[PDB]
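Descriptive structure summary
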Protein chains: 4
Amino acid sequence: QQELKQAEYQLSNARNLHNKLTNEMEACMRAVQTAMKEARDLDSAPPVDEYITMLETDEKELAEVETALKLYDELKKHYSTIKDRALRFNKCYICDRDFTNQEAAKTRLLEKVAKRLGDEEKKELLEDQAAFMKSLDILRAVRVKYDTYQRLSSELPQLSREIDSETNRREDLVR
Amino acid sequence: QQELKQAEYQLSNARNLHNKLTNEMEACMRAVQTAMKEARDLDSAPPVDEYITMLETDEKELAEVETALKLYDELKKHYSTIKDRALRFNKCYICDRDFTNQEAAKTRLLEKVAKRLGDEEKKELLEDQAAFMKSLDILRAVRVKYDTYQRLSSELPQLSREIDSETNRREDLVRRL
Amino acid sequence: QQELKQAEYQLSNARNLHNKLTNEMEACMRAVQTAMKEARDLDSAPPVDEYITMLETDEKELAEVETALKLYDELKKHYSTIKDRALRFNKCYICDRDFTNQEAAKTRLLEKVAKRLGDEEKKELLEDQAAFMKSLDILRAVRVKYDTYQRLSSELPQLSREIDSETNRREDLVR
Amino acid sequence: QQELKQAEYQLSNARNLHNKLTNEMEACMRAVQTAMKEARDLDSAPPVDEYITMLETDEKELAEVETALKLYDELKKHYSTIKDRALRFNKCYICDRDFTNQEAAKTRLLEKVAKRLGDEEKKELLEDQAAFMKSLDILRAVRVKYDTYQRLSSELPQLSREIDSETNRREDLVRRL
Ligand SMILES: [Zn+2]
Ligand SMILES: [Zn+2]
């Protein structure tokens, strides 16, 4: 008799805890699926297990375009010193030979370096940086909801074992 | 009085949980503090909430040396094509003028590109990439322990206020009875 | 008269040189006026000595937009670290207070920094840097021609006076 | 032979002009070499054609410290508005939350911002701006001398060929006697 009230109370606490934890897990899954759907502009939401890959892709695809942005800048520094020493000082930067009576060789150099540094590349990979940064921010915002979804996926079966064991304890304890 | 028995049972469970959760936050705190001490080889462990600044520091200091390595490679490609067109084809790559009877200017070019080349910059950037990646991995390993320490820092005051309220009810009600 | 032959000889050389140098000055003037017309996209070419003021105009208008580009990037780092901590770590970066039960204050922070992260300004002042660099290169290309025009404007009067002195010499030396 | 004496007269003028223009080139070279020595306080004068790298490096080292000064001022403006909203209105500028019953968090904000507000960095950037502008002005003062030395290095060999032709032809015209 006396401990059956504890067995019933424990089982009731564990049932209600499992229900509440399940609801929170489902909410986190919805939120993370909504983020995955909008982050890449998907027509239907992917499986929750795909968030880790979508986040790693974004973390890398952003780092790639940011390396490429500094790459363009450092190359454009070098090509500008080539053009400047030709225009300002009548000279090829690499071999330090002047262009006196050699205006065609100077013209060829300038027409070459002008084709090394168009602006449309910078426009495009700045648009890429903007899109990958937006997408990564959307996935970073739900990181803690995926992590709670993950730990609740380990905690709910452990609690369910406790519920089933206490259910059998109750079913025995009647006599 | 079954309602007082429930009130004492409800406070028991709460006090015991605040104990279990306090022990878990404190373990999380010791784990993240030792990881912070280890990651930067510190003489004593920093405050628990310096974790975010040194994680963000390692994330960006690693990204910097990885951009610098990729930059060095691209510059080394370009300078190699300059050296190669001078050695293989007797030409300056930029202006398309040969070095026939100009061996001193060819020599100059080659000595210049040889100074825009060198092992030490890649060697020491690779050591820095290895060091920041080690430090970042040590801090990333405890990310989940920092996040639970933080969530428990919200939950313990809420649970503590709930106990205080329950304790007051237990006091007021045992006086009534 | 041997020295009258020598006089008519050097007077003639000076006269022909004054012509040659006059034609070189005029060729330089037309080149720098053409550069000034195309550099700022003018309906008519300006006076030759407007060159130095519009050159140092382009030098400083370029330096301004390049400082503003570097400024925008540094500000965008600060605003991004503020956004990042709010999204990733649920804290305000400045005061180190979390947003638990305060998601309206978190939302206010994120909306405020988003209004500090627009790329229209970068798009526009990258067009400005491209435009001022083009005009500065056009004006830099003719710098040496302008400097020759300037030195010949000192030399031609000096030589002109020489001719006239040798003309008086010749006119005196006939008898 | 009047045509031979006209050829001797032409040769004499070219020879004397080459001498005059050579003396002018050497005067230009000396001036730019002493200016390069002065601009960076060098203990021996560099080769005349290093003038372009010295001018380009002075232009960019000046321009970057002038950008750094503008950077520091805009950062100091932003940090001043953070300090001011905390001191004057008891509030965090970023999140719009007051510091009532939170004066430790207010104190942390103010101490963090005080560690950004360092005036020594402006002193050092102004010292560097002063030094690079002095250096650049020394090199800009000799710009016209270097551009002169450069045009004369094209003209003297052309005139030297003309001499070598006329010195051959004079000797041919006395062989013709
Ligand atoms: Zn070349
Ligand atoms: Zn705040």
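In the PDB archive, X-ray crystallography is given as the structure determination method for this entry, at a resolution of 2.51 Å.

On to the overall build of chain A. Of regular secondary structure, chain A possesses five helices and zero strands. Listing every helix and strand of chain A by position from the N terminus yields α-α-α-α-α. Here chain A has a C-alpha radius of gyration of 32 Å; the compact-globule value for 175 residues is 16 Å, and the former is much larger. Taken along its principal axes, the extent of the C-alpha atoms in chain A is 115 × 30 × 15 Å. The burial tally for chain A puts 39% of its 175 residues in the buried class. Put simply, 69% of the contacts in chain A that link residues at least 6 apart link residues at least 24 apart. Carbon together with sulfur atoms contributes 47% to the accessible area of chain A, which is approximately 10700 Å² in total. Across chain A, the 31 positively charged side chains and the 36 negatively charged ones have centroids separated by 6 Å.

With that settled, consider the coordination of the zinc ion (ligand 2). Ideal geometry at a metal centre: 109.5 degrees between donors when four sit tetrahedrally, and 90 or 180 degrees when six sit octahedrally. For the zinc ion (ligand 2), every protein donor is listed as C92(C) (SG), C95(C) (SG), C92(D) (SG) and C95(D) (SG), and the spread of their distances is 2.0 to 2.4 Å. Geometry at the zinc ion (ligand 2) is tetrahedral, judged from its four donor atoms and the angles of 100 to 132° they form at the metal. We classify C92(C) as buried; its relative accessible area is 0%.

Turning our eyes to something else, we now look at the nonpolar core. In this structure, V32(B), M36(B), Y51(B), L55(B), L139(B), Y146(B) and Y149(B) are the most contacted members of the largest nonpolar core, which totals 30 residues. Looking at this core, the elements that each hand over two or more residues are α1 (2-39), α2 (51-89), α4 (119-141) and α5 (143-176) of chain B. Among the elements that make up this core, the one with the highest residue count is α1(B) (nine residues). In contact with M36(B), not counting residues within four places along its chain, are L42(B), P46(B), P47(B), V48(B), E50(B), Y51(B), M54(B) and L139(B). Membership of the second largest hydrophobic core comes to 29 residues, among which are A39(D), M54(D), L125(D) and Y146(D).

Between chain D and chain C, the residue contacts involve 25 residues of the former and 27 residues of the latter. Counting every contact that joins chain D to chain C gives two salt bridges. Salt-bridge contacts for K112(D) lead to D96(C); the nearest nitrogen and oxygen are separated by 2.8 Å. Between the two partners, chain D and chain C, sit 13 residue pairs in polar contact. At the level of elements, α1 (2-39), α2 (51-89), α3 (103-116) and α5 (143-175) of chain D are the ones that each hand at least two residues to the side of chain D that touches chain C. Split by residue class, the side of chain D that touches chain C holds twelve nonpolar, five polar and eight charged.

Here the focus is the interface of chain B and chain A. With 29 residues of chain B at the interface, the matching set in chain A holds 27 residues. Both sides of the chain B and chain A interface together cover about 2700 Å² of buried area, and 57% of this is carbon and sulfur. It is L71(B), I94(B) and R97(B) that lose the most area in chain B upon contact with chain A, and together they represent 25% of the buried surface on that side. Applying the counting rule to chain B against chain A returns one salt bridge. The salt bridge partner of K112(A) is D96(B), with a shortest N-O separation of 2.8 Å. Broken down by secondary-structure element, the contributors of at least two residues to the side of chain B that touches chain A are α1, α2, α3 (103-115) and α5 of chain B.

All names here are of chain A. Remark: helix α2 (residues 51-89) packs on helix α4 (residues 120-141), axes separated minimally by 9 Å, with the N-to-C direction vectors making an angle of 150°. When the axis of α2 is compared with that of α4, the two are roughly antiparallel. When you trace α2 past α4, the crossing you get is left-handed. For the contact of α2 with α4, the residue count by class is 14 nonpolar, two polar and nine charged.

Our focus in this paragraph is the packing of α1(B) against α5(B). Residues and elements named next belong to chain B. Put simply, α1 and α5 touch, their axes get as near as 8 Å, and they point 155° apart. Comparing the axis directions of α1 and α5 gives the class roughly antiparallel. By crossing handedness, the relation of α1 to α5 is classed as left-handed. Looking at the contact of α1 with α5 residue by residue, the class counts come to 19 nonpolar, seven polar and seven charged.

Before going further, it helps to spend a moment on the environment of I138(B). All names here are of chain B. Within the secondary structure, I138 sits in helix α4. A relative accessible area of 16% means that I138 is categorised as buried. Separated by 103 residues in the primary sequence, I138 and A35 have C-alpha atoms spaced 6.1 Å apart. Apart from residues lying up to four places away in sequence, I138 is in contact with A35, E38 and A39.

Thresholds, definitions, all that
- Residues numbered from 1 in each chain as written, not as in the entry; some residues may be left out.
- Chains lettered and ligands numbered in written order.
- Heavy atoms only, no water.
- Helix = DSSP H or I, 4+ residues; strand = E, 2+ residues; numbered from the N terminus.
- Rg over C-alpha atoms; globule rule 2.2 N^0.38 Å.
- Buried < 20%, exposed > 50% of the residue type's maximum accessible area, 1.4 Å probe, protein only.
- Contact = heavy atoms within 4.5 Å.
- Areas by Shrake-Rupley, 256 points an atom, 1.4 Å probe, with all protein chains shown as cover.
- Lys, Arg positive; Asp, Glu negative; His and termini not counted.
- Charge placed at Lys NZ, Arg CZ, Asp CG, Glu CD.
- Donors = N, O, S within 2.8 Å, 3.2 Å for Na, K, Ca; no water.
- Tetrahedral: all angles 85-135°; square planar, octahedral: opposite > 155°, others 65-115°.
- Core = buried A, V, L, I, M, F, W, Y, C linked by side-chain atoms within 4.5 Å.
- Salt bridge = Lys/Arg side-chain N within 4 Å of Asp/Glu carboxyl O.
- Polar contact = N/O pair within 3.5 Å; in protein donor to acceptor, adjacent residues only side chain to side chain.
- Nonpolar A, V, L, I, M, F, W, Y, C, P; charged D, E, K, R; others polar.
- Buried area = accessible area lost by both parts, 1.4 Å probe.
- Axes fitted to C-alpha atoms, helices over the stretch in contact; angles between N-to-C directions.
- Parallel < 35°, antiparallel > 145°, perpendicular 65-115°, else oblique.
- Left-handed = near helix turned anticlockwise from the far one by under 90°.

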